[PDB]
Amino acid sequence: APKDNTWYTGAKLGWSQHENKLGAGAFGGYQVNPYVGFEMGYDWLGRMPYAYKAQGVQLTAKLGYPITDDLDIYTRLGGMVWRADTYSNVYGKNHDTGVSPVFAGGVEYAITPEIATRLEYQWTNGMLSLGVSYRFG
Ligand SMILES: CCCCCCCCOCCOCCOCCOCCO
Ligand SMILES: CCCCCCCCOCCOCCOCCOCCO
Ligand SMILES: CCCCCCCCOCCOCCOCCOCCO
Ligand SMILES: CCCCCCCCOCCOCCOCCOCCO
Ligand SMILES: CCCCCCCCOCCOCCOCCOCCO
Ligand SMILES: CCCCCCCCOCCOCCOCCOCCO
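With mature numbering (1 follows the signal peptide of the UniProt record, and there is no 0) as the guide, the letters of the sequence shown map in order to residues 1 to 17, 31 to 63, 71 to 145, 160 to 171.
Encoded structure:
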């Protein structure tokens, strides 16, 4: 994990489920100790051919543990404010907003002290994503 009392920022590519949606996101966080950090994220998803767009902003606690010196397993839990925009040909544009709990599980690999990648599955009550972050130290 990032050094205690330090910040990080990252970006991701995401995918959820015919129907496939792809998009991207950004996140920023503050690490307290090797097991606990907090993060704020923004992600969007768009429907791929053969406007359905969704966006969400979230704030979560991130709890993790080192599987190895370089690999952490982690979970995130918190809330998300979302917006989904639609485009119909009959009814024009539309959108709905909501608030929901949000969860995630993932693995993060510290490539260098400054750079880490992550692989995550996020769900609510899913979206797979790959990302990279920069640790300010
Ligand atoms: C931005 C995409 C990131 C996706 C990479 C995650 C891939 C890593 O492996 C995770 C496990 O593989 C899961 C497979 O996808 C679900 C399969 O079934 C879907 C069709 O019904
Ligand atoms: C939610 C946006 C989608 C995420 C896009 C991925 C972009 C990843 O971040 C790129 C790396 O960060 C930028 C670096 O700072 C230097 C840029 O040049 C300076 C200003 O002109
Ligand atoms: C549900 C998650 C809520 C999000 C948590 C917000 C976390 C709050 O901010 C963390 C960043 O603020 C930094 C702390 O102050 C510095 C502490 O003194 C340093 C040495 O112990
Ligand atoms: C999804 C997996 C992530 C689950 C998060 C784990 C929660 C983090 O805190 C666990 C408690 O921290 C204690 C661990 O360090 C100590 C162990 O014993 C010492 C060496 O043998
Ligand atoms: C507790 C559930 C709510 C989650 C808190 C998130 C609160 C954050 O602010 C939400 C309002 O801000 C609007 C977001 O759109 C802009 C985001 O940043 C742009 C892309 O990088
Ligand atoms: C103590 C280690 C940290 C692990 C705690 C993380 C807690 C994670 O679980 C939260 C509960 O998960 C929510 C699941 O319910 C919704 C599932 O999807 C709807 C059916 O397909």
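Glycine is no exception: its CB is placed at the ideal position from the N, C-alpha and C atoms.
Starting from residue i and walking both ways along the beta strand (DSSP E), at which residues does that stretch end?
{"i": "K73", "result": "72-86"}
{"i": "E52", "result": "49-60"}
{"i": "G14", "result": "6-16"}
{"i": "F40", "result": "34-46"}
Nearest to residue i by CA position, among the options, is which residue?
{"i": "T144", "options": "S120, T137, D92, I131", "result": "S120"}
How long is the line joining the alpha carbons of residue i and residue j, rounded to whole angstroms?
{"i": "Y8", "j": "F123", "result": "20 Å"}
{"i": "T6", "j": "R103", "result": "31 Å"}
{"i": "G160", "j": "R60", "result": "14 Å"}
{"i": "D56", "j": "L79", "result": "12 Å"}
Helix, strand or coil for residue i, going by three-state DSSP, please let me know.
{"i": "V110", "result": "coil"}
{"i": "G165", "result": "strand"}
{"i": "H31", "result": "coil"}
Look up residue i in the DSSP assignment and give the residues it is bridged to.
{"i": "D92", "result": "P86, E128"}
{"i": "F123", "result": "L97, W143"}
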